[PDB]
Structures are given as C-alpha cells and as structure tokens.
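Chain naming here is simple, since letters A, B, ... match the order of the sequence lines and numbering starts at 1 in each. Atoms considered below: every heavy atom in the structure, side chains included; atoms not considered: hydrogens, waters and symmetry mates.
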Amino acid sequence: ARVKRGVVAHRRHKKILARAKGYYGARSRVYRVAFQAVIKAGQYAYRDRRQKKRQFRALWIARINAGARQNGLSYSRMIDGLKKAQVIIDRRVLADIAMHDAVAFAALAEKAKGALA
Amino acid sequence: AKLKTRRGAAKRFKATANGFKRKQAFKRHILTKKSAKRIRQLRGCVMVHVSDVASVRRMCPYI
Amino acid sequence: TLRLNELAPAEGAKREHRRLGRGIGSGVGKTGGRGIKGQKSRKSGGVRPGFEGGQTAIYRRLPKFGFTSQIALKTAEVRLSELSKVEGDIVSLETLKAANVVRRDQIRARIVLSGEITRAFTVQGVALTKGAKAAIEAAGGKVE
Amino acid sequence: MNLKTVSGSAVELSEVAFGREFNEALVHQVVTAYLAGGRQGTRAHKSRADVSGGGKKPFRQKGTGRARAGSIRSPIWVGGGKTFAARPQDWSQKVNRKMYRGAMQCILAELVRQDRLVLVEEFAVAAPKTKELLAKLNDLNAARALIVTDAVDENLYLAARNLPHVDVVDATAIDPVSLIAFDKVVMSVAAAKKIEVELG
RNA sequence: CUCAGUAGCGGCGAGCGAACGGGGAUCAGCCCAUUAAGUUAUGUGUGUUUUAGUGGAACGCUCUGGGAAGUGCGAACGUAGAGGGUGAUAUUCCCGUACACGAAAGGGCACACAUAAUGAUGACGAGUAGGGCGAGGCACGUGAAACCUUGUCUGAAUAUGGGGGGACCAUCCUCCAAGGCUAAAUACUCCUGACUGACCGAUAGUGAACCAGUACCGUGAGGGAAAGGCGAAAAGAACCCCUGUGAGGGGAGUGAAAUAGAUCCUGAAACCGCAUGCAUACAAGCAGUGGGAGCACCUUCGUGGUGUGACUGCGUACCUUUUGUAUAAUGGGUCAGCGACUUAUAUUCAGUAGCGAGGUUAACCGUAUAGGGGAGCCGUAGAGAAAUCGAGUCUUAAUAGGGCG
RNA sequence: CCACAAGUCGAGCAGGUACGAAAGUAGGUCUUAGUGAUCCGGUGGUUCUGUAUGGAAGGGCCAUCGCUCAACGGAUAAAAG
C-alpha cells in the first residue's frame with residue numbers, strides 16, 4: 001500500500017498561502033517565509049485583543065477630562081462626585097455624551113459638583 | 001529466537017514461593033580474624049532484595 | 001444484523017499503535033520519547049542486562065552454591081486430586097502416564113495430599129505420603 | 001427446537017446447534033480470522049544491500065563542501081534502497097477449536113432467527129441444466145442462495161456453476177464467511193442432521 | 001516437531017549449548033572370486049503425455065450523444081455471467097470461454113521382454129587394534145576427560161578371542177573393526193507452460209517499460225545514467241498573405257475538441273511580463289497586528305460587499321543546543337517530488353473473547369481455513385546443596401527458638 | 001544504620017564450663033582505626049551425590065588457608081614510550 005503525498009501536501013501549502021494574502025514580497029509567495037508570517041500574526045492578534053480594551057478606556061477618560069475641564073472640574077473630582085451621587089453610568093457612555101451633547105454633560109457635571117458640595 | 005539464561009546468575013539464585021533466595025558473602029576465606037557472631041550469622045540463605053528482584057528476573061527468565 | 005458491514009469487536013479489544021516522530025500535536029514528536037542525547041537515545045542504545053556501570057555486578061559479588069541432582073529430573077510429583085483423571089481403578093505408573101498426569105520419561109512418582117477424591121483406588125508401586133495414604137484408605141481404597 | 005420444512009412437515013433440531021445466544025465479538029473475531037487466512041502475502045523490496053552497485057564511497061569525508069555520504073544507494077538518495085524492505089509474510093491466525101465451533105453455532109442460530117434459512121425435505125435436479133435449477137429456486141423464492149447438500153450431485157454442481165449469487169456446497173464444507181454473505185441458505189434435512197452431529 | 005535454553009562447557013566473563021526418550025515423513029536390503037540386489041546402454045512390444053489445429057449458443061426498439069456497450073421498455077442462451085477488444089460501462093458485435101473432436105512425423109515418462117556392460121583386482125580383512133610425544137574433532141577451552149582422526153616413534157590377540165557401556169577395577173548387558181554396493185522421504189532454479197497477488201505504476205518497480213550494461217568516465221580491473229502518453233481514425237493542415245523559396249505566424253480547411261498542431265492528455269509551484277483600481281518622492285528599523293479617514297467599483301442603496309491603507313498604540317524571524325540567544329552561535333537561495341521507530345522469533349504486563357480446576361495442540365495427514373493428530377507445554381505444593389520428606393520442611397543433641405511455606 | 005552488597009547493639013532460651021559461701025558475673029580488651037567481594041585451588045571432617053550395577057575418581061555441605069588485587073566495589077593469569 002504505497003501512499004503518495006502530493007494532493008494533501010498541496011492542499012495544506014495552498015491554505016497557508018491563501019491566509020498569507022496581502023503581505024510584502026516573499027511573505028505572500030514562499031511557503032517557508034509565509035508560514036512564519038501567519039503564526040506571528042496570530043500571536044499579535046491574541047495580544048492585541050487584550051490591548052484594545054486598555055486603549056479605548058484611555059480614550060474615553062481623555063474625552064471625559066476635556067468635558068469636565070470645560071465645565072469647571074477635573075476628571076478625578078468629577079468621578080468622585082458622581083460616585084458620591086450614586087450615578088452608575090460608565091465611561092464609554094459618558095464619553096459619548098461628552099462628544100455629542102454638551103448640555104447633558106453640563107447637567108451631569110452639575111450633579112457631581114452638587115454631590116461634592 | 002528463544003531468550004537465553006545468564007548461566008552465571010542461574011548458578012547464584014534459586015526461586016522460592018514468592019521470590020528468590022541467595023547465599024551470603026564474606027564467608028570464603030580470611031576467617032580467623034572474624035568474630036564468632038559474624039561467622040554464624042553469615043551462614044545460610046537469605047532473600048533477594050526488592051531492588052534487585054527485577055534485574056534477577058531479566059537475567060533468569062525461566063526460574 | 002449478520003452482514004459483513006455490521007460486525008464490530010467488543011469495546012476495549014483494539015487500540016491504535018504508537019507512531020513516533022509525527023509532529024507536535026501527537027505528543028511524541030521530534031525526539032520520540034527518548035530524551036536528549038546520551039547512550040540510550042542512540043540506535044540500539046540499551047546496555048546489557050545486569051550491567052551496573054562498572055562496579056562488580058550483583059550476580060558476581062555473590063558466591064555460587066549447590067549441585068544439581070540427576071534423579072530429581074526423573075522423579076515426578078502427583079496431586080491426589082489428579083487421580084480422578086485415571087480411567088479404571090488401578091493406579092500405577094503406566095496408568096498415570098496413560099492419563100497424562102506423568103511425563104513419559106519419568107521413572108517414579110509420588111502422590112501428595114493436595115485435593116480430594118471420591119472413588120476407591122488400588123495403588124501399585126507408587127509412593128504415598130501419610131496424608132495421601134490416609135485419604136485413599138478413607139475413601140475406600142487400598143495399596144497392593 | 002421444532003422447525004417446519006417448506007412443505008409444512010416438522011423437524012427436530014438441537015438447541016445447542018441452532019439455539020445458542022448471539023455473540024457478536026466472537027463471530028467478528030472468527031470472520032476476521034478467515035478473511036486474513038485468505039491472503040497470499042507475496043511481495044518484496046530491495047534494501048540498501050540488495051540494490052545494484054553502491055559499494056564505493058562517493059567522495060571524501062572532508063574538504064569538498066558537500067554533506068557527507070557513504071554510498072549512492074543510501075535510502076536518502078533518489079534511486080537508493082528502501083529503508084525497511086518487506087519480505088513475504090504469512091497472515092494466518094490461530095483460532096481455538098471451541099471458539100470456531102461456538103461462532104458457527106451463533107451464526108446458524110442467527111440465521112434461524114432472521115428467517116434466512118430454509119429447510120427442504122429433498123433437493124435434486126434431473127438434468128445438468130441451468131434452467132431447471134433456476135426454476136426450482138424461483139419457486140422456492142431463493143433466487144440468491146447458498147445450497148447446502150449432504151452429497152453434491154454432478155448435475156446439481158454443473159447446473160449451479162453459471163448462476164450469479166448462487167452457490168452449492170457440501171455439509172462439511174460450509175464456512176462462516178459464506179454463511180453470512182449469501183441472502184438465503186437452502187438446507188436439506190440430511191445436511192441439517194449431519195451438521196447437528198458435527199455440532200455446528 | 002518436542003525434550004530444552006534443560007544437562008553441561010566457559011579470563012565460570014562475554015557467550016557457546018547437547019543427548020536419552022516420545023510424536024511424524026519415507027520405508028529395503030543385498031554380496032566377497034561358479035560372484036547378489038541394483039544400475040546404465042541397445043532393440044522390440046503396450047499405456048500415457050507432448051510439439052500445429054477444428055466446431056462451438058443466444059438482442060431488438062427508444063432517449064442523450066461526435067460515437068452506445070449508458071437511459072426507459074420488452075426478449076433469448078447458459079455444462080458458456082473467465083478474460084481481451086470494439087469511437088463512453090457488452091453473456092447474446094468480434095477474438096474467445098464450458099464442452100466435444102483431432103496427428104504424416106517426432107519426443108518424454110512408465111511397464112514387460114531380450115542383448116551387452118557394470119556392480120566385482122574383491123574370497124572374513126596386521127604395520128591393523130592398542131601405546132609414548134605433538135595437534136585436530138566431539139555442546140565439552142586439559143579438565144576427574146571417556147570416544148573419534150593422525151604428523152612422529154612403536155606395536156597384539158586372533159573366537160578358550162576381541163570392542164563398548166565418559167578416569168579406573170570387578171561383575172553383568174550388548175556388539176564383531178581393520179572388504180564392498182544400495183531407492184524414498186531432503187537441498188536448489190540459468191530455464192519451459194499454466195495460473196495467482198489487501199505487490200509497483202515512469203524520482204516507483206530490475207541499473208535498464210525507450211536501440212542499456214548503451215552514452216559517458218578510467219591505462220586497466222571497474223564504475224555507470226537520463227529519456228513512456230496527438231487523435232477513435234492522420235482525417236498530420238490543399239489554397240491565400242507577411243518573411244530570406246528560412247524560422248515563426250494570420251486566415252481557409254479536418255476533427256466532438258487545434259489553448260488536441262507534431263517534446264502535441266491534464267498543465268500545479270518557484271520564476272518572468274502586459275492591463276486595470278488604489279497608495280507612494282520631509283520620512284528611519286523582523287514589514288505585522290489593534291484602530292482608522294479618504295478614494296474606485298458593485299449594490300438587495302446599508303449599521304452592505306470587494307480592492308487599497310493617509311495617520312496612529314504595540315511589536316528585535318524560525319529551528320537546534322544551552323544556566324542563558326534579536327544575538328555578531330548552528331542550519332536553510334526558492335519551489336515541486338522523495339527522505340527516518342520496521343520485520344521475525346521468545347518473554348512479561350494490561351485490555352478483550354472462549355473454556356474453566358483445568359486450558360491448549362506442534363510437526364504431520366487431509367478435494368485442505370473444516371476434520372483428525374495428546375507427543376509436549378502452562379496451572380494445580382512447598383522445604384532442603386542433596387539423599388529425602390510433604391501441609392510441612394530445613395537447621396539443631398532439642399518437639400525449644402528461628403527461616404522459608 | 002542503609003541504593004545494593006555490607007556494618008552495629010542486643011535482653012532471653014538449651015548444653016558444657018570458670019570464679020565466688022551466695023545472690024551472681026563471663027559469647028575477649030573503656031569505645032570509636034588495625035582492612036579486601038567473587039572466581040580458582042589447598043587442608044581436616046561428613047548419615048549428601050556417585051552416568052548399567054558394587055566401589056572409586058570427581059563434585060556438594062561444615063570448618064579453615066593463599067592477594068600492597070593500596071588506582072583499596074577489586075576491567076586480563078599476563079603490558080612501556
């Protein structure tokens with residue numbers, strides 16, 4: 001029972017090369033180079049699925065800081081005031097309101113500052 | 001082919017009901033200086049230690 | 001049922017054999033379970049049985065003892081319960097050999113008390129232990 | 001056991017030969033053993049010693065820049081020997097006598113249970129003509145069949161030789177694979193009695 | 001085939017390794033000078049086989065199609081439904097197959113007869129048996145070393161005799177050396193015929209599917225390749241045009257198909273062009289990844305699809321070997337194909353199946369995976385170096401004690 | 001105590017004994033170093049074995065002897081640059 005390797009080997013190499021579409025030079029043409037490039041891409045994606053949450057939280061905090069300083073507070077004081085006033089709205093929604101509706105953010109700042117007083 | 005016994009080991013070990021028995025060393029010569037207690041306590045057969053049983057089994061497959 | 005494509009072995013009767021050196025996922029890839037370097041990782045790598053690295057071996061630092069008897073190789077031992085295989089009621093060396101409880105090259109036999117018998121036997125020219133003789137007589141037999 | 005022939009008469013068959021409970025694992029082992037025993041096992045390959053040439057070292061050990069080589073017939077090189085060259089093999093297995101008999105009894109009991117066995121008082125043909133046997137089987141509703149007879153008549157043999165899916169055998173020549181392969185088994189009463197004496 | 005990896009041999013190391021007995025295959029004895037069985041040639045007569053060959057059954061419509069053996073419907077032969085071919089897949093189209101028949105001539109084997117030869121220079125075994133010295137063979141390495149062969153030196157008795165039974169002696173048992181012949185069971189395949197394969201399918205299988213032991217290499221012995229495929233049928237492209245009366249092409253024509261057009265089935269990857277869309281000439285690094293504007297085409301008009309990725313956070317390949325490698329430590333120019341835990345026997349453990357105080361046959365016979373074959377092996381009892389005893393036994397003066405059970 | 005092979009302490013029971021009136025003490029010396037496995041052979045005993053049988057030779061068991069094998073768990077009987 002002699003077994004030839006061609007069809008299965010060709011299919012495997014072709015699947016790797018298909019996942020390597022768009023890369024520069026030999027990384028999309030040569031199997032040895034393309035195979036290393038796909039594994040490293042997978043590792044990078046795994047790590048960046050964790051990095052993404054940190055980056056977006058930092059962005060929300062920056063936009064909230066800008067809104068609070070326009071309304072006369074700092075980010076830390078505004079967060080403290082809201083926590084003392086029992087408001088449980090999160091930073092993503094607070095940043096959305098800060099960017100798109102200034103009057104509602106001013107009302108939230110008034111609530112926080114009243115709680116601080 | 002067939003497994004072959006190590007005849008040197010076959011001349012040294014014999015099988016009991018649950019193990020192997022052996023003779024004791026240091027009783028061949030230089031006996032005057034040895035005390036009577038050693039002379040009479042090194043006489044007779046003892047059992048093969050559990051650490052050497054496996055090797056004895058590999059060396060003597062049919063006993 | 002009962003077709004050549006509807007028959008299977010009992011569960012647990014067959015296993016796949018171990019194939020070394022076929023990739024990371026298999027768990028026995030690369031070195032194939034042999035470890036890293038040394039004599040045992042080479043082809044035909046084991047040392048001779050009884051070799052202990054150079055110190056005097058267990059079977060050579062101990063003394064030899066005894067001698068081998070030749071009549072013991074032709075003496076035969078028979079359990080009492082084995083007497084039931086004998087056809088007839090005469091127990092002798094020839095009838096034991098015919099019943100195949102004794103090898104054809106044994107010159108004498110001994111009967112020991114190991115089991116039980118119910119029939120009455122007559123024993124001729126076969127040695128008996130005290131317990132075996134008591135059992136044979138208690139079951140109704142006799143000797144010569 | 002009491003079983004009727006095709007024409008309504010009664011026959012008495014032993015429970016041991018025709019009523020034993022089915023053991024699929026045992027039957028599978030025996031059938032696989034028979035199929036393995038059918039193999040021929042004739043083949044060979046040439047190792048690095050058997051291949052022509054290759055006695056001399058191709059080039060010196062050091063200084064050339066090549067990977068070191070000892071022969072042009074190494075199993076790494078194209079055209080070299082096979083690493084593990086095969087030899088003719090024997091594929092037969094040992095089957096215990098009692099295991100074979102028990103498997104045969106189980107197979108016959110299952111055939112009786114599934115009604116693929118037909119008992120016939122007498123089975124004979126008058127001339128070695130295929131059409132006569134075909135008509136007899138067609139009226140018996142046994143178009144595809146193994147016919148087990150006590151003693152094989154020449155006319156029966158010659159009539160059956162050319163029929164597809166029809167075979168004829170003696171009572172002492174039945175085998176576990178052929179008992180299963182065919183759709184129905186037509187058995188004479190004398191053959192059943194002899195098989196009973198043989199205990200399956 | 002067992003006995004048995006037993007008894008033994010062995011720097012008593014590594015290792016080497018019987019016999020007796022039992023079960024099978026095949027079976028057979030005959031002679032030493034008037035000379036046997038047998039064998040080989042020659043010739044004759046019977047039987048068998050072989051080297052060419054002859055006959056050999058039975059299918060039509062309909063659909064798809066370049067082509068029917070394929071679809072649907074309904075028939076026939078079968079002692080023939082093995083195989084091969086035919087424009088795709090045929091028991092009834094062809095060659096054949098089951099079966100029946102056949103030899104001027106020639107050869108092989110077997111049996112009987114006849115004529116030679118040979119067995120057969122040999123008539124009961126003397127430089128022989130035995131011994132001293134040195135070696136060889138026996139499972140047996142000088143060992144307590146019997147037995148066999150002999151290079152050298154010697155040397156009997158001769159049936160009231162002689163050889164052997166593992167140093168040697170006695171007794172018992174057994175055999176008759178120093179003269180011969182003899183089939184079968186056993187070993188093998190350069191060859192010839194038939195058949196078969198859970199053997200290969202052109203980097204495989206022979207080195208060799210092809211004008212291969214060739215080309216080529218070497219003074220020589222010797223070493224030793226690569227290279228299969230148009231189409232069913234050449235129907236292998238008349239004639240016209242560009243060009244050098246070239247190569248190569250464009251029409252026309254053949255074909256089911258010419259991107260089947262001659263190194264011609266299919267035609268993958270590395271590698272090299274042309275066309276379209278987007279990005280790119282103020283910006284520093286394993287080239288991606290998470291975000292993300294704009295543009296182009298498509299569109300079920302979007303919280304859609306496809307291509308591109310300005311700007312931005314993070315981010316020093318893979319394998320091996322190492323305490324530890326981005327390491328300036330090893331290996332890889334790339335692609336495609338090939339390339340490494342096997343097979344036989346023995347043994348131990350774990351699963352699983354049968355039988356169960358029992359289980360199981362080996363060689364072998366066998367119209368042969370069946371059925372026979374019980375020799376043998378494992379289990380059922382230990383203690384002791386052993387003789388011996390035996391649910392006990394060894395040690396000892398001991399029934400005490402203790403060790404193995 | 002200890003990988004193994006080895007090593008160390010030991011009350012008490014039986015027999016024979018010495019010294020004490022006796023209860024008793026004694027299985028070497030205050031203790032911890034003064035040492036060498038297996039193989040091969042020698043010597044004294046022995047109710048074991050004894051290749052047809054009776055013996056014997058040889059072997060076994062008990063006691064004991066031969067190594068500066070000191071590279072001291074000791075690759076050979078036998079070895080420098």
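Proximity to chain D (any heavy atom under 4.5 Å) is shown, for C:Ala8, by both the backbone and the side chain. Both the backbone and the side chain of D:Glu24 come within less than 4.5 Å of a heavy atom of chain C.
Around CZ of D:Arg113, the count of heavy atoms belonging to other residues, nucleotides or ligands within 6.0 Å exceeds 12. Summarising the local packing, NZ of C:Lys97 is surrounded by more than 12 heavy atoms from other residues, nucleotides or ligands at distances under 6.0 Å. Around the CD1 atom of C:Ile24, the shell of radius 6.0 Å holds no more than 12 heavy atoms that belong to other residues, nucleotides or ligands. For C:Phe65, the CZ atom sits in a packed shell: over 12 heavy atoms of surrounding residues, nucleotides or ligands are nearer than 6.0 Å. No more than 12 heavy-atom neighbours from other residues, nucleotides or ligands sit within 6.0 angstrom of CD1 on C:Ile36.
D:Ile180 and C:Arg3 make their closest contact through CG2-CA, 4.0 Å (heavy atoms, listed as atom of the first residue, atom of the second, distance).
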Discussion item. Run D:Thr32 and C:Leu7 through side chain to side chain contact (heavy atoms under 4.5 Å, CB included) and show every step you take.
Written reply: CA-CA 10 Å; D:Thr32 294; C:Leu7 281 185; over 6 Å; no
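Note that the CG atom of C:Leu2 and the CG atom of D:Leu179 stand 9.0 Å from one another [nearest 0.5 Å].
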